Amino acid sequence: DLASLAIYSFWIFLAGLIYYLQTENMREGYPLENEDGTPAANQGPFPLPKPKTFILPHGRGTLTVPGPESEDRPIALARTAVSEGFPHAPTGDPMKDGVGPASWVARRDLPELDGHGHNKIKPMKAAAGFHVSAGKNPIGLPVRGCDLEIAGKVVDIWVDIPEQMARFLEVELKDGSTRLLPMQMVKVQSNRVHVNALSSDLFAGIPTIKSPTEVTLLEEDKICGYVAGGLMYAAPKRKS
């Protein structure tokens, strides 16, 4: 009957749909690879989708996925076993090298732009008319590391203009140079800003930006990456 028809039909629709959804989620990270970088023999039941091309705004070009994928940076890792499926140990300093939880991606050395073509994120001093509207204002507070030692002082807020969101705290270290600190990895207290991820002696390691009014997708990644990596690598210097 009709009902039987409909439901059998549906289970078929759903299958091609789960199929469509699966291939579309392969527009990246495939083909699969062996731990040595050579293409894996088994890529699964699913073929690669036909490329699609993205036309990116502000004449910043196009993106065609799937496409040739390349790390575009040396990975300082070494095998720890003779068979596949085991961890790869850092061969240097994971933080400095940018592997493990401290990893970063070779994105664009250009800032993300707002709908108009202006830099999406700007230091609040250069963002005309922006002010702290609610909560505790961080600017002027000492910055404390997990080792419970002062690493610097907050001397501005880097704000997202279209969203009116505080993205990073600009921090002034003992030598007068500043670093950016992601707003999701800091606890704004009443008499201090506490950073659980990094100990005071590691703030200097936070990668620097080439210009004082911009950050690029590459620098955001290196910075966010480095700070998150502290959780595992700063561990021996983090107290209670």
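In case it trips you up, residue 1 is the first one in the sequence shown, and so on. Rigid core here is just the name for the largest C-alpha set that superposes within 1.5 Å across the two forms.
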### Task
Output the stretch, either 214 to 222 or 17 to 25, that has more C-alpha displacement from this form in 9 other deposited structures of this protein following superposition by the rigid core.
17 to 25
### Stretch departing more from the displayed form, 173 to 181 or 30 to 38, Cα RMS in 9 other deposited structures of this protein (core fit)
30 to 38
### Task
Decide which of the stretches 209 to 217 and 38 to 46 has the higher mean C-alpha B-factor, going by the entry.
38 to 46
#### Entry: Comparing 192 to 200 with 66 to 74, the one whose average Cα B-factor in the PDB entry is higher
66 to 74
#### Entry: Candidate residues 149, 160, 170, 97, the one whose C-alpha B factor the record puts highest
149
### Entry-reported Cα temperature factor of residue 12, expressed as the chain third it lands in
highest
#### Entry: Modelled-residue ranking by C-alpha temperature factor, third containing residue 87
lowest
### Query
What third of the chain, by the recorded C-alpha B-factor, contains residue 59?
highest
## Note on the structure
residue 116: CA B-factor among chain residues, third -> highest
### Message
Using only modelled residues of the chain, where does the Cα B factor of residue 227 rank: lowest third, middle third or highest third?
### Response
lowest
